[PDB]
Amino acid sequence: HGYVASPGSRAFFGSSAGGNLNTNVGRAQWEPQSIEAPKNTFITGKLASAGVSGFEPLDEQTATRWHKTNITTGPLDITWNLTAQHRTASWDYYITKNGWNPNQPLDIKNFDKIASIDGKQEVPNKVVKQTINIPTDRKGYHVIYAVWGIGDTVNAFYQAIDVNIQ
C-alpha cells in the first residue's frame, strides 16, 4: 500500500503525512495509502478515488479545490512512500492535456500516457524514486495520474497529483 509523496499527491496532502494541507479528502485523511482497485480501472469521475468507497471527496474537481505543486516541464523526480512493500508489476504515469477542464470530473481520455516502468516482480524499498518526462508543451494546472501495479494481487494503487506547470 502506498502513495506518491513528491510532488505530494492529492491524498497525501490531505493526510497527516502531508501536513493536512488539502481539505475534505474523505478516507484519505486517515488512509492515503489505501486507494486500491483492480488494474485497468479508469472510471470517469472516479479516477482520484479509484471508485473506492469513502474516497469520493477526492473526485471533486474545481480550479481552486486542490493544492497544486509548482513544477517545470522536462524530467520530474517522483517519489512513492510505501506502507506495505509488495512485489511490483509496473508503474504507469499519465498527465492531463493542455485545455482539460479543471471544473469537470476527471476522464482518462483527457490524459496522455507519459511513462511505463517495469517493476520486474521485485520488492521495492519503502521509498521509491523514479523520473518521468513532463511534456514540454504543458503549462498551468495539470493532474498527474500515477499507478502502482502490484505483482501478486490483481490490484493497483492510484494516485492523482495536482501540479502547476510553469
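What we label the rigid core is the largest C-alpha set whose atoms superpose within 1.5 Å from one form to the other. In case it trips you up, residue 1 is the first one in the sequence shown, and so on.
For the pair 145 to 153 and 13 to 21, rigid core superposition yields a higher RMS C-alpha distance in 6 other deposited structures of this protein in 13 to 21. The stretch that moves more in 6 other deposited structures of this protein, judged by CA deviation after a rigid core superposition and choosing between 112 to 120 and 97 to 105, is 97 to 105.
Here 64 to 72 and 109 to 117 are compared by their mean Cα B-factor, and 109 to 117 comes out higher. Between the stretches 124 to 132 and 100 to 108, it is 124 to 132 that shows the larger average CA temperature factor.
Residues shown: 25, 17, 146, 143. Highest C-alpha temperature factor in the entry: 17. Per the deposited record, 44 carries the highest C-alpha B-factor of all listed residues (33, 29, 44, 49). Among all modelled residues in this chain, the alpha-carbon of residue 11 has a temperature factor (C-alpha) in the lowest third.
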